[PDB]
There are 2 protein chains.
Amino acid sequence: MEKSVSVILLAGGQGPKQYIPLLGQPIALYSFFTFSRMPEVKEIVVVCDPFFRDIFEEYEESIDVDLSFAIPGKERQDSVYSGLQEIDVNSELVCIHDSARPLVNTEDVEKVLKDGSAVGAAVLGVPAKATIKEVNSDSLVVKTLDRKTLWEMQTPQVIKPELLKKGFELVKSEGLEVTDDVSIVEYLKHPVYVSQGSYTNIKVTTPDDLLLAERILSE
Amino acid sequence: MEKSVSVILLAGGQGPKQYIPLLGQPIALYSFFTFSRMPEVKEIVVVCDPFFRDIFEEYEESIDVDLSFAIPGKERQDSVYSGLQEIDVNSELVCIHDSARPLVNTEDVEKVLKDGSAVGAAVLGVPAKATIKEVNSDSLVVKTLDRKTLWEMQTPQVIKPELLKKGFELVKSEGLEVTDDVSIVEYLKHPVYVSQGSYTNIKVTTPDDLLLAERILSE
Ligand SMILES: O=c1c(Cc2ccccc2)c(Cl)nc2[nH]cnn12
Ligand SMILES: O=c1c(Cc2ccccc2)c(Cl)nc2[nH]cnn12
Ligand SMILES: [Cu+2]
Ligand SMILES: [Cu+2]
Ligand code: NA
Ligand code: NA
């Protein structure tokens, strides 16, 4: 559905890597433009410090979405909630994206949007390549014989706004801890789909990442 | 205990990245030399294709360990087993290392050796930074409310040889699947300690990794 999705673009982190260029363009703008071109996307709520607004506002008349801003909160989830208060009163779906993932492919965004529409909550993920284990408080491996297949979550995270709101309300009403980027939905009974993305959708955290990102962009 | 540990250096993978230089020295030699200098280490069994033996044999008279070779097997575990058949009949401990991890620090090797001696089985690991979840066959997140803290396993993997042998025998006698780098020990009831290592102990898999490795070596 055209113009049914609101994007919350998380660009509130502080050194900032998401404004450093790749091929002359600030990292945040890559995903921003990917989303703007998609007919599905009605609006982009950028969550960023006022200082960086111009980075995005420069393109406002050139992009085929509405542009809005929200103020960052203290933790990532707070930034999500801030963006959430700015989305359209009738968008059917919210698409949360870390601006430090510039390389997300349109085709993968399309996938997670569809899955999110279908299921109600979906996140892009890839199978974890390393050997990963739970470790207990005595620093021992928690052993599994069964087939635990672990996936690394990326973004977008796509969710029906009502469902997200229900999660934030539960976490507030019960004072629940939020310890990774899917904790809010984990407290709900509603299913979360994992849409298979691409290993190229890396998050730029380190200086190493800047050249890797630039090197993928080479294509 | 001086000269109590046998190292199995896994260098049988095939493009090969573990022989590509960092600062002019083949990646495999970095960990090789780290181990050779440690008084604990009696011997290094290198598991590598005969073609590359000279890479290591060149240094034989210069290193304070015995050097032995084993032939790679088909899968990593087979390479482990091949090396295992070459270690000293009385070493108290075997230290399995991926040669593609050149940056392992002496101090972290010392830690996992101690832990392995104490517990019987230990592996170097670091806390996973990404959000990682189990995903079921319907591509849904397997939700946890509890505090699952996930760690990424590195090498060394340090184990009493008898315990390793018992694992390989069990996996053979029962035809058990080996699907990640701790599966053999997971079938045993004996505990596996996770020694906290360093995020710098990366595995060189990609071309990206070669520059990251080189860039860490800069120090
Ligand atoms: O559950 C969420 C979600 C919502 C979500 C999760 C997975 C799939 C779709 C939406 C978001 Cl966007 N951010 C955080 N931080 C902590 N938990 N959390
Ligand atoms: O359990 C092992 C071990 C032994 C081990 C695991 C963890 C700690 C110490 C030794 C090794 Cl070296 N390699 C593999 N491949 C598959 N399983 N597996
Ligand atoms: Cu990175
Ligand atoms: Cu890598
Ligand atoms: Na401009
Ligand atoms: Na030489």
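Counting starts with 1 at the first residue shown.
We read in the header that X-ray crystallography, 1.4 Å was used to get this structure.
Backbone N, Cα and C atoms are what each Cβ position is placed from, and that goes for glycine too.
For reference, Swiss-Prot has these:
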type	residues	note
SITE	A:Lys17	site 'Transition state stabilizer'
SITE	A:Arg147	site 'Positions MEP for the nucleophilic attack'
SITE	A:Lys203	site 'Positions MEP for the nucleophilic attack'
Gap-flanking C-alpha distance, A:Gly15-A:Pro16 [7 residues absent from model], angstrom: 4
C-alpha spacing of A:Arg147 (site 'Positions MEP for the nucleophilic attack') relative to A:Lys17 (site 'Transition state stabilizer'), in angstrom: 37
Recorded sites compared (A:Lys17, A:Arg147, A:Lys203) - the one with the fewest other Cβ atoms within 10 Å: A:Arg147
Collapsed DSSP category at A:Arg147 (site 'Positions MEP for the nucleophilic attack'): coil
